[PDB]
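Protein chains in written order, with UniProt numbering: chain R, 919 to 923; chain G, 918 to 923; chain V, 72 to 497.
All residues carry an ideal CB built from backbone N, CA and C; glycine is no exception.
Please read the structure below before turning to the comments.
Structure below.
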């Protein structure tokens, strides 16, 4: 899954 | 973020 | 003349009720506040001068004292939050917004500058500048057929102040303010000045750092191709915010990520992943990690573009925080990839540099790597080739480190460790 900044 | 002029 | 006055003399002239005397004292304050080493901002504040400067902003018949006080207040607002607050507390925000309509370009520019410092302090003052109505007169200054006819420094200051209206979170800027600003931002993003381009990219990077709806507002304006073009610029101050924006966008939906790929971004990553500036390598590897978190057809584009050897390279040698983003890129790839894509990863040489990073003291990168190793073993299960992989892990010293890690502080590392040993190193 995506990792936000 | 902030800028001092001269 | 006005060089090196004491604060006391400045107060004496400003309090004189002689407009020329006040003009000279205000210019003397402006020169004090313009020096680089320790400008006496607190001394000027403590002398009570801000209300006087603010009222000088309204003196339409004496444009020099409008300029000098605008410049003096600009430089107070350039300081700490408390110093910017003193400027706001004196009523400067509506007075500066009024000055945006000045017929004197150098005075409207100074008001643009001051509002950018105020808005740049943080979310609350940013939103306060917006509530006082700054956006319409700011954008009107840019309502010309060709931006090239505007003076260069003037356009740079407007771009920067607009980027501060796009900056900061908790909360992000108001949705309607962003929608109002974006078409001018898109236009500045296609201008040919490198500083305007850098600050436009910074503004877009702020707007894309948030939930998918924020990203969508930007992506829907069609700017991704221009961002990808700027990703290939020779100027590092352009590449850096362009890459942040591109990285921010690929934290969104698979569809928003696909627009970055459709625009040709992946062809730039051989350079970015070997870039001499370590921050570029890190940001680029983080971006890659979010692309390998995508669909199998997006992983396949990473493969087609030859980017898996570049991930092996960063995993083998890079500064540690880049290597950790590379580890994440690998675990995401092995989490979502097909068996064939995972086999291809092993053939590119991922195993040995993955094992070598199990010597890292960072507990989370060890977890990330153990997960990747389990994901690769799961693909080898589907092929009956677990044994060939165990040998590979053992010949490169990896089993020694997976066996060491089962005596590790973190319980999830110990568990993942022994599970690997039991099932594949019996």
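Contact with chain G by residue i, beta-carbon distance below 8 Å
i, result
"residue 191 (chain V)", "yes"
"residue 409 (chain V)", "no"
"residue 273 (chain V)", "no"
"residue 146 (chain V)", "yes"
"residue 88 (chain V)", "no"
"residue 241 (chain V)", "no"
"residue 350 (chain V)", "no"
"residue 188 (chain V)", "yes"
"residue 105 (chain V)", "yes"
"residue 357 (chain V)", "no"
Same chain, Cβ closer than 8 Å to residue i, five either side skipped, listed in chain order
i, result
"residue 416 (chain V)", "379, 401, 404, 405, 408 and 447"
"residue 224 (chain V)", "180"
"residue 208 (chain V)", "168, 171 and 172"
"residue 436 (chain V)", "394, 395, 398 and 428"
"residue 83 (chain V)", "96"
"residue 390 (chain V)", "349, 352 and 353"
"residue 178 (chain V)", "134, 137, 138, 141 and 170"
"residue 248 (chain V)", "201, 206 and 236"
is_contact[residue i, chain R] using C-beta, thresh 8 Å
i, result
"residue 76 (chain V)", "no"
"residue 319 (chain V)", "yes"
"residue 149 (chain V)", "no"
"residue 443 (chain V)", "no"
"residue 322 (chain V)", "yes"
"residue 194 (chain V)", "no"
"residue 142 (chain V)", "no"
"residue 361 (chain V)", "yes"
"residue 280 (chain V)", "yes"
"residue 499 (chain V)", "This structure leaves residue 499 (chain V) out entirely; chain V is present only between 72 and 497."
"residue 364 (chain V)", "yes"
Residues near residue i by beta carbon distance below 7 Å, same chain, minus five either side
i, result
"residue 145 (chain V)", "181, 184, 185 and 188"
"residue 69 (chain V)", "Residue 69 (chain V) lies beyond the residue range present for chain V, which begins at 72 and ends at 497; the question has no answer from this structure."
"residue 518 (chain V)", "Only positions 72 to 497 of chain V appear in this structure, which leaves residue 518 (chain V) out of reach."
"residue 267 (chain V)", "226, 227, 230 and 259"
"residue 294 (chain V)", "257, 260 and 275"
Close-in-space but distant-in-sequence residues of the same chain around residue i (CB under 6 Å, 5 per side omitted)
i, result
"residue 444 (chain V)", "none"
"residue 154 (chain V)", "112 and 147"
"residue 238 (chain V)", "277"
"residue 251 (chain V)", "206"
"residue 376 (chain V)", "337"
"residue 441 (chain V)", "487"
"residue 76 (chain V)", "99"
"residue 163 (chain V)", "125 and 144"
With 16 other Cβ atoms within 10 Å as the buried cut-off, status of residue i
i, result
"residue 315 (chain V)", "buried"
"residue 305 (chain V)", "exposed"
"residue 320 (chain V)", "buried"
"residue 434 (chain V)", "exposed"
"residue 192 (chain V)", "buried"
"residue 139 (chain V)", "buried"
"residue 307 (chain V)", "exposed"
"residue 151 (chain V)", "exposed"
"residue 482 (chain V)", "exposed"
"residue 157 (chain V)", "buried"
"residue 493 (chain V)", "exposed"
"residue 328 (chain V)", "buried"
Residue i CB to nearest heavy atom of the ligand SAM below 7 Å
i, result
"residue 117 (chain V)", "This structure does not include the ligand SAM; it has no bound ligands of any sort."
Requested in this report: Enumerate, from N- to C-terminal direction, the unbroken alpha helix (DSSP H) stretches of 4 or more residues contained entirely within the segment 205 to 248 of chain V.
Outcome: Listed in chain order, they are 206 to 212 and 223 to 236.
Query raised in the report: Which ranges would you report for the alpha helix (DSSP H) in the segment 273 to 323 of chain V if only whole runs of at least 4 residues count?
Result: For the segment 273 to 323 of chain V, whole alpha helix (DSSP H) runs of length 4 or above, ordered along the chain, are 283 to 290, 295 to 302 and 307 to 320.
Query - Whole runs of the alpha helix (DSSP H) within the segment 358 to 396 of chain V, excluding any shorter than 4 residues - result: Fully enclosed alpha helix (DSSP H) runs of 4 or longer: 367 to 375 and 378 to 387.
Query raised in the report: What are the complete alpha helix (DSSP H) segments, minimum 4 residues, inside the segment 123 to 170 of chain V?
Result: Within the segment 123 to 170 of chain V, the complete alpha helix (DSSP H) runs of at least 4 residues are 134 to 148, 152 to 160 and 163 to 170.
Query raised in the report: In the UniProt repeat "ARM 9" (410 to 456) of chain V, which residue ranges form an unbroken alpha helix (DSSP H) of at least 4 residues, counting only runs that do not cross its ends?
Result: Those alpha helix (DSSP H) runs which fall completely within the UniProt repeat "ARM 9" (410 to 456) of chain V and span 4+ residues are 410 to 418, 422 to 427 and 434 to 454.
Query raised in the report: Where in the segment 326 to 362 of chain V do unbroken runs of the alpha helix (DSSP H), each at least 4 residues long, occur, reported from the N-terminal end onward?
Result: With a minimum length of 4 residues, the continuous alpha helix (DSSP H) runs that stay inside the segment 326 to 362 of chain V are 340 to 343 and 349 to 362.
Report task. Let me know the alpha helix (DSSP H) ranges lying completely inside the segment 96 to 124 of chain V, each 4 residues or longer, listed in chain order. Result -> Runs of the alpha helix (DSSP H) spanning 4 or more residues and lying entirely within the segment 96 to 124 of chain V occur at 112 to 117, in chain order.
Query - Any alpha helix (DSSP H) of 4 or more consecutive residues that is wholly inside the segment 451 to 486 of chain V - result: For secondary structure counted as the alpha helix (DSSP H) over 4 or more consecutive residues, the segment 451 to 486 of chain V holds these complete runs in sequence order: 457 to 466 and 469 to 476.
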